[PDB]
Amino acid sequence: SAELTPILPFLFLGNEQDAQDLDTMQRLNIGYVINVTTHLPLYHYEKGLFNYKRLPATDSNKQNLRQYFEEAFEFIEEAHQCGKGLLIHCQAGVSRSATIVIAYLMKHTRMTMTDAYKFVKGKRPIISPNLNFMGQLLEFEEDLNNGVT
């Protein structure tokens, strides 16, 4: 399967198997995990080693991900400001979780949607957010451009 992807030094995009790799996460100084699924466990919750957030979304055509953008960015920024890394994952690292990372890059590194997509896809070539999510990323771009978030 595809390896865990460093996006920034403190932000890693991955799949459910990555979220179980305790040794890798501790090597990378990860202290925060975002699980972008309704149904997966928070792996290693009971060892109390990470701070977790669930964004309980499906990968469907009606799922609203935009509603979770602000919360996710705040959590990435919490990890960032205290010098820890954050792992964000869904099942494959292809769609839900990639959409959140692209959006983070749009807001916080001011990349266009196209540039943030290519930035992530260059690092993790299997990403492919569904068209619903792609439409949300375009509306998010509009709203960022007009100062509307």
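Numbering starts at 1 and runs along the sequence shown. Here, rigid core means the biggest group of C-alpha atoms that superpose within 1.5 Å across both forms.
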{"query": "Higher-deviation segment by CA RMS in 4 other deposited structures of this protein, core fitted, 81 to 89 or 120 to 128", "finding": "120 to 128"}
{"query": "Divergent stretch in 4 other deposited structures of this protein, 21 to 29 or 129 to 137 [C-alpha RMS, superposed by the core]", "finding": "129 to 137"}
{"query": "46 to 54 set against 95 to 103, stretch whose average Cα temperature factor tops the other in the entry", "finding": "46 to 54"}
{"query": "Residue stretch of maximal mean CA temperature factor, 24 to 32 vs 109 to 117", "finding": "24 to 32"}
{"query": "Residue 80 CA temperature factor, ranked by third within the chain", "finding": "highest"}
{"query": "Residue 37 - which third its CA temperature factor falls in, relative to the rest of the chain", "finding": "lowest"}
{"query": "Record-listed C-alpha B factor of residue 17: chain third", "finding": "highest"}
{"query": "Within-chain third of residue 128 by Cα B-factor, per the entry", "finding": "highest"}
